Amino acid sequence: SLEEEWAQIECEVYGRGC
Amino acid sequence: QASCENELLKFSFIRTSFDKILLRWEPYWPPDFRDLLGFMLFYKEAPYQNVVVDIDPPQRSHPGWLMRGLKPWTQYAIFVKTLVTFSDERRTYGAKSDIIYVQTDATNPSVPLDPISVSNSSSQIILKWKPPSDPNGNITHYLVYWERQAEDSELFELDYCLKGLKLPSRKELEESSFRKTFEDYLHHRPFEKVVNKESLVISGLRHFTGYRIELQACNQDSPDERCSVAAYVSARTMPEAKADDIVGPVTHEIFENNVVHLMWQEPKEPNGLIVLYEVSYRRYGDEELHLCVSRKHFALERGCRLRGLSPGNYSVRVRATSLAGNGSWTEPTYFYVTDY
Amino acid sequence: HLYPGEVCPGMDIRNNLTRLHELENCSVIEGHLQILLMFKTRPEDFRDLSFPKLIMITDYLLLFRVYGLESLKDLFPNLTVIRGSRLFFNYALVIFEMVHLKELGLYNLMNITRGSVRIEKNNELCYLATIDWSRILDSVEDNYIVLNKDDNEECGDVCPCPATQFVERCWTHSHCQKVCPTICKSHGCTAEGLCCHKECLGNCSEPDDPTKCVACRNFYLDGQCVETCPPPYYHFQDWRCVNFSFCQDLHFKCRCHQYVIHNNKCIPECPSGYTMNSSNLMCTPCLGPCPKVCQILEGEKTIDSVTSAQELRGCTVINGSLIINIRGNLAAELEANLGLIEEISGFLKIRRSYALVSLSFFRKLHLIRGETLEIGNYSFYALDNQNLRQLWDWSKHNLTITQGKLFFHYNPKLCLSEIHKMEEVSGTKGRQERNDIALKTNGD
């Protein structure tokens, strides 16, 4: 889904949370 | 002080949903990487192609963003402009991107509103409705199901001429907010597909019967049909005027003890059901005398019983009463009792 | 006795039956009950579902678009009182667009203490004209019962019971409305016709006895209806009596309606002109402005206009951060909403606020803690303010920033003298580094 992809990309490039 | 971006940004990944959009663009870094204060993403609802969110800088590949509050089946104009710092040297003006257009997907449409059913004839129901206020796509066709509702089982075993014979003749802001809240809460029967119409005539129906009609709107037909919740309406066809008439003359039989048995053909196809039979007789010069027969009475006695009357010639008329109304009076039949 | 089960909190149930089983044990719902948006259910699912222990609903009951439910006579056969503490748009019982509903079935309902009834758009609902709403509600002029099956005459409402044009009164086909003698004004009567105690309400198993009621009229304590809770008990939810420990525990569990004690009442918040004492949880009068600490979600809040700032009215200390992004009676009503704040725990940011001419609306602001900071350790943020001309009149105003740095960028109408004066006053002179206060894009 879009939300999980966004969470993964936020893990990758912005690093927030994760 | 002003926006004089000279270089160019390019989008490399766009993925939509029914109410979200995820974008990516190529990474950007000025010669001094500290000058980047982040990105700015502009998006607006642009129905025609004749045309702010702040994003933190990425760590030191492809950055991205995700919009969540977008309406379905709408077109959005989106472009991303960088935000740089006016340094002590020849300013790095940064880059912005062209205006792109992204359309969100579709979802289940809203419920069709204002359904009105009117029975003009005795077998046709004219159904009208207005398109839903939230189509969420191109409404391909409406789906109408209709189901025949049987008569109440309680009315089939009730004696009606007994006492109790009343037959059924078969601050605006607060209210606006109430209805707004309740509409916002919403995020093989014989049928018909209405295409490019807002009204449908139902033909081939039983006379004077109750019909429950379920109405839906749909925006996708062949690939795994997906569409709205149902709107429910009820209707009742008008009755045939002569359908309650009792056919055949009223047969009479007389026993040896001045006992009279009355037979009359049942109204095979009445308007719903027959609640009672009224038998009115009056001899030559007497006052009219009426008698009630309930369904159980008629079933038990196969007609009606008469006994203990003065000698003379009586005329009998029988009328059947149904849900629609009183039937036609039977032609009088004359009989003469034995007076010994 | 008088409430053998537990006390559930109010709940909303949607799309499934799993949560509905949480009411299996509790006797009185201390909240509102909503049942709505259940599409895949069928009458084969509601056959074995019954809650005979539900006796009392405090605020209201809402039913909306439930498929497969034909009668409530199997769900709530012992619901007696709906108090109506907080209503639903001034409605204590709402049944809207409730398809497949044939008869009401609330044959044990006796009193709706406050509110009205809204039954609407049920194209199969019968048994509505055979209900004497004058015996249940005090004022029936506010009912709204239209557009159902009863109006378009199609219902053969037949019932065996006293009547009241005189017409029979009944709830279902085999249940008739219980009407007490007029001497039993609201205390209810037993089957034989004897009035219950003065504190009963609706029904009683034994007439003339306080502990044999069904629902108390005033308050409930240890299975005994009471006019007023004797000390050391305090009234609670306007319907029961609880000791000090219970209210204190409810207050502590918020560490949300942190409850306080005032005038022998455990109320959600102290009224105006009072502040909670941290020693014994009693609302005491305050001198001058009563401090009102306000908490915000995630330590951040965006004020886009006056409406978003309306919630901040009366606050003095904020345990979070403020982000002002107002693009358009301004600078005057904003002073009404925010002109009381005296401390901000996090950071203050003004970003792309085109309308603001000056920050004077923060009249009382004297301290910014800066415990939580924007990326880069910034406590005061100012970005692209096209019309910001004056921060604070430093000849009369005072301020202090405990932690964090400053960040001024793209403020065309902000003289560097003002920024340097702010640096002097706040004491953060030795904190800023290069490229922290923009030099040649301010004050033009």
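Participant: Please explain the overall build of chain C as it appears in this structure.
Facilitator: In terms of helices and strands, chain C carries 4 helices and 25 strands. The globule rule puts the C-alpha radius of gyration for 444 residues at 22 Å, and the 30 Å found for chain C is more than 25% above it. With the C-alpha coordinates aligned to their principal axes, the bounding extent of chain C is approximately 90 × 50 × 40 Å. In chain C, buried positions account for 51% of the 444 residues. A total of about 21000 Å² of accessible surface is found on chain C, and carbon and sulfur atoms cover 49% of it. Side chains of chain C give 45 positive and 53 negative charges; the mean places of these two sets differ by 7 Å.

Participant: Before we go on, may I ask you to explain the overall build of chain B in this structure?
Facilitator: For chain B, the count of helices and strands is 2 helices and 23 strands. Here chain B has a C-alpha radius of gyration of 38 Å; the compact-globule value for 340 residues is 20 Å, and the former is much larger. For chain B, the spread of C-alpha atoms along the three principal axes comes to 140 × 40 × 30 Å. Surface exposure of chain B reaches about 19300 Å², of which carbon and sulfur atoms provide 51%. The averaged location of the 46 negative side-chain charges in chain B is 1 Å from the averaged location of its 40 positive side-chain charges.

Participant: Honestly, the UniProt feature "disulfide bond" in chain B in this entry has me stumped. Any pointers?
Facilitator: Residue and element names in this part refer to chain B. Between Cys-161 and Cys-292, where UniProt places a disulfide, the sulfurs come within 2.0 Å of each other, which fits a bond. Annotation check: the disulfide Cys-218-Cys-227 recorded in UniProt is satisfied, the sulfur-sulfur distance being 2.0 Å, below 2.5 Å. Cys-227 matches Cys-218 in its accessibility class, with the two residues each being buried.

Participant: Would you take a moment to explain the domain arrangement of chain B for this structure?
Facilitator: Size of an interface: often given as the accessible area lost when the parts come together. Considered domain by domain, chain B is made up of domain 1 (7-103), domain 2 (113-170 + 188-236) and domain 3 (251-336). The C-alpha centroid of domain 3 of chain B is placed 89 Å from the C-alpha centroid of domain 1 of chain B.

Participant: I tried to follow the UniProt feature "disulfide bond" in chain C on my own but got confused; where do I start?
Facilitator: Residue and element names in this part refer to chain C. For the UniProt disulfide linking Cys-161 and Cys-176, the S-S separation comes out at 2.0 Å, below the 2.5 Å cut-off, so the bridge is there in this model. Below 2.5 Å lies the sulfur separation expected of a disulfide, and the 2.0 Å found between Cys-254 and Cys-256, a pair UniProt records as linked, sits within that range. The partly exposed category is assigned to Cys-254, whose relative accessible area is 23%.

Participant: How should the side chain of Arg-352 of chain C be read in this particular structure?
Facilitator: With respect to the helices, strands and loops of the structure, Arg-352 of chain C is situated in the loop between β23 (348-351) and β24 (378-383). Setting aside chain neighbours within four positions, we find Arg-352 of chain C in contact with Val-52 and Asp-54 of chain B together with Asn-325, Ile-326, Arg-327, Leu-383, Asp-384 and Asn-385 of chain C.

Participant: Just checking my understanding: could you explain the domain arrangement of chain C for this structure?
Facilitator: As far as domains go, chain C holds domain 1 (219-285) and domain 2 (293-426). One C-alpha centre belongs to domain 1 of chain C, the other to domain 2 of chain C; they are set 37 Å apart.

Participant: Can you walk me through the interface of chain A and chain B in this structure?
Facilitator: The partner chain B presents 19 residues to the 11 residues of chain A that form the contact. Interface area, chain A with chain B, both sides summed: about 1300 Å², of which 58% is carbon and sulfur. If you sort the residues of chain A by the area they bury against chain B, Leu-2, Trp-6 and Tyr-14 of chain A come out on top, with a joint share of 50%. Between the two partners, chain A and chain B, sit 3 salt bridges. Put simply, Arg-16 of chain A and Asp-56 of chain B hold a salt bridge, and the shortest N to O gap is 3.8 Å. Split into classes, the residues belonging to the side of chain A that touches chain B amount to 5 nonpolar, 2 polar and 4 charged.

Participant: I would appreciate a short explanation of the interface of chain C and chain B in the present structure.
Facilitator: Chain C puts 42 residues into the contact, and the matching count from chain B is 38 residues. When the two sides are added together, the surface that chain C and chain B hide from each other amounts to roughly 3300 Å², 53% of it contributed by carbon and sulfur. On the chain C side of the contact with chain B, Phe-89, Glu-154 and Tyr-410 of chain C bury the most area, a combined 19% of that side's loss. Taken together, chain C and chain B are joined by 6 salt bridges. Among the ionic pairs, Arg-170 of chain B bridges to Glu-154 of chain C, the shortest N-O distance being 2.8 Å. Applying the counting rule to chain C against chain B returns 11 residue pairs in polar contact. Of all the secondary-structure elements, those providing two or more residues to the side of chain C that touches chain B are β2 (28-38), β4 (61-66), β6 (93-96), β8 (117-120) and β25 (405-409) of chain C.

Participant: Which parts of the structure should I look at to understand the pairing of strand β2 (residues 11-16) of chain B?
Facilitator: Working note: regular strand, side chains alternate between the two faces of the sheet. Residues and elements named next belong to chain B. Judged from the 5 bridges that link them, β2 and strand β3 (residues 21-25) form a sheet pairing that is antiparallel. In the sheet register, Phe-11 faces β3, and the bridge partner there is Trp-25. The turn joining β2 and β3, which pair antiparallel and follow one another in sequence, is formed by 4 residues.

Participant: So what exactly am I meant to see when it comes to the pattern of salt bridges here?
Facilitator: Pairs can form between side chains of opposite charge whenever their charged atoms are close. Overall, the coordinates contain 35 salt bridges over all chains when judged by the stated rule. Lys-242 of chain B is the partner of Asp-245 of chain B in a salt bridge, and the nearest nitrogen-oxygen pair spans 3.0 Å. Given the relative accessible area of 17%, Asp-245 of chain B is considered buried. Each of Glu-151, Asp-152, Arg-170 and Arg-236 of chain B together with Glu-154 of chain C takes part in a single network of salt bridges with overlapping partners.

Participant: So what exactly am I meant to see when it comes to the sheet that holds strand β21 (residues 304-307) of chain B here?
Facilitator: Strand-to-strand pairing in sheets goes through backbone hydrogen bonds, with the strands running parallel or antiparallel. All names here are of chain B. One open sheet accounts for 3 strands, arranged β17-β18-β21; its pairing is antiparallel. The open sheet has two edge strands, β17 (251-254) and β21, and neither has a second partner. The mean inter-strand angle of the sheet, taken between neighbouring strand axes irrespective of direction, is 20°. Pairing of strand β18 (residues 259-263) with β21 involves 4 bridges; the strand directions are antiparallel.

Participant: Honestly, the state of the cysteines in this entry has me stumped. Any pointers?
Facilitator: Put plainly, a disulfide is one covalent bond tying together the sulfur atoms of two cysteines. Residue and element names in this part refer to chain C. Under the definition given, this model contains 18 disulfides over all chains. Through a disulfide, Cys-159 is tied to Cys-170; the S-S separation comes to 2.0 Å. Disulfide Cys-159-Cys-170: torsion about the S-S bond near -45°, hence left-handed. For the pair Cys-159 and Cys-170, a shared accessibility class is recorded, and that class is buried. Residue pairing for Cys-200: its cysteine sulfur links by disulfide to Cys-213, the two sulfurs lying 2.0 Å apart.

Participant: For this particular structure, what's the right way to read unusual backbone geometry?
Facilitator: Trans peptide bonds make up most of the peptide bonds, and negative phi angles are found at most residues other than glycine. All names here are of chain C. The linkage connecting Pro-231 with the following residue, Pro-232, adopts the cis geometry, with an omega of 5°. Of note, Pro-232 is situated in the loop between β11 (224-226) and β12 (234-236). If you check the backbone angles, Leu-2 has positive phi at about 75° while not being a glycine. As for its placement among the helices and strands, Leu-2 is situated in the segment before β1 (7-14). For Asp-238, which is not a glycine, the phi torsion comes out positive at approximately 60°.

Quick notes on the rules
Residues numbered from 1 in each chain as written, not as in the entry; some residues may be left out. Chains lettered and ligands numbered in written order. Heavy atoms only, no water. Helix = DSSP H or I, 4+ residues; strand = E, 2+ residues; numbered from the N terminus. Rg over C-alpha atoms; globule rule 2.2 N^0.38 Å. Buried < 20%, exposed > 50% of the residue type's maximum accessible area, 1.4 Å probe, protein only. Areas by Shrake-Rupley, 256 points an atom, 1.4 Å probe, with all protein chains shown as cover. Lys, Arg positive; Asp, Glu negative; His and termini not counted. Charge placed at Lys NZ, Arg CZ, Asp CG, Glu CD. Disulfide = S-S within 2.5 Å. UniProt positions renumbered as here; feature names shortened; annotations may be inferred. Domains from an automatic or database assignment. Contact = heavy atoms within 4.5 Å. Buried area = accessible area lost by both parts, 1.4 Å probe. Salt bridge = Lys/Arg side-chain N within 4 Å of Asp/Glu carboxyl O. Nonpolar A, V, L, I, M, F, W, Y, C, P; charged D, E, K, R; others polar. Polar contact = N/O pair within 3.5 Å; in protein donor to acceptor, adjacent residues only side chain to side chain. Pairing = 2+ DSSP bridges. Axes fitted to C-alpha atoms, helices over the stretch in contact; angles between N-to-C directions.

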